[PDB]
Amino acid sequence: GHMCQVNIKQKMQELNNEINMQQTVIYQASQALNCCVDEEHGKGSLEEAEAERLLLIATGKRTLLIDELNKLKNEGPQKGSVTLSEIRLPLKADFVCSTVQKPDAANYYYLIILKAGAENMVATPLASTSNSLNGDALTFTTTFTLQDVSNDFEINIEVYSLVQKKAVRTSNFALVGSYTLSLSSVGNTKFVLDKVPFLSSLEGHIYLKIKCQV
């Protein structure tokens, strides 16, 4: 049981405020990352990686809000569900071996961003080969459930990788793959990632379970 918006201004204001909140997070994650001048001050730590993740998330969310708001301001005069789960990201065996044979060279973190609507974005926690690897793939705890959804739904998956070796800024998490799930993806469990960087750690597929009710 939910109340409908009173007017278009209230919605715009809500979006506007959320944009400003996200910018605060961006600014603060930036200020924290700027303090990471050395290992004594947190450089190359997990804490730093988490800050990079938050910067990424707030940046991405802010972008969706901006687009929605621009959409609202250009409007003219005035059921089903999809569930994603058991996400798995297979890595190349040779990459993994390098982390074993040269474990002090770098730290590697991965995450997944799931975006459907503009107010519909979720990011998995950080995953690493140290704590998420089953077989040759990273396992994610994350379940993503989309309600009151139409049959032309799209869910954008973005895979990010962070490499740590040995004024507002941009997250060091880099986009290492993307895929758009739609109705035609239903019943499938293995998808070919687009935009995978030349010579990346990713095997190039992503695995997941899609439940769907209409």
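One-based numbering along the sequence shown.
**Student:** Check the entry and tell me how many residues of the deposited sequence have no coordinates between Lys166 and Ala167: none, 1 to 3, 4 to 9, or 10 or more.
**Tutor:** The entry leaves 10 or more residues without coordinates here.
**Student:** Count of coordinate-less deposited residues separating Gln78 and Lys79, as none, 1 to 3, 4 to 9, or 10 or more?
**Tutor:** A long stretch, 10 or more residues, is missing between them.
**Student:** Tell me which stretch has the larger mean Cα B-factor in this entry, 34-42 or 171-179.
**Tutor:** Of 171-179 and 34-42, the stretch with the higher C-alpha B-factor average is 34-42.
**Student:** Tell me which stretch, 148-156 or 48-56, has the higher mean Cα B-factor listed in the entry.
**Tutor:** The deposited B-factors put 148-156 ahead on the C-alpha mean.
**Student:** When you compare the CA B-factors of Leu133, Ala118, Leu111, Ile87 as listed in the entry, which one comes out on top?
**Tutor:** Of the options given, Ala118 has the highest CA B-factor in the PDB entry.
**Student:** Going by the CA temperature factor in the PDB record, which third of the chain does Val186 belong to: lowest, middle or highest?
**Tutor:** For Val186, the deposited C-alpha B-factor lands in the highest third.
**Student:** By the record's CA B-factor, is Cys97 among the lowest, middle or highest third of residues in the chain?
**Tutor:** It falls in the middle third of the chain.
**Student:** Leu72's Cα B-factor: lowest, middle or highest third of the chain?
**Tutor:** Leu72: CA B-factor falls in the highest third of its chain.
**Student:** Is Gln10 in the lowest, middle or highest third of its chain when residues are ranked by C-alpha B-factor?
**Tutor:** Ranked within chain, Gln10 CA B lands in the highest tercile.
**Student:** Can you tell me which third, lowest, middle or highest, the CA B-factor of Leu91 falls into for its chain?
**Tutor:** Lowest third of the chain for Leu91's C-alpha B-factor.
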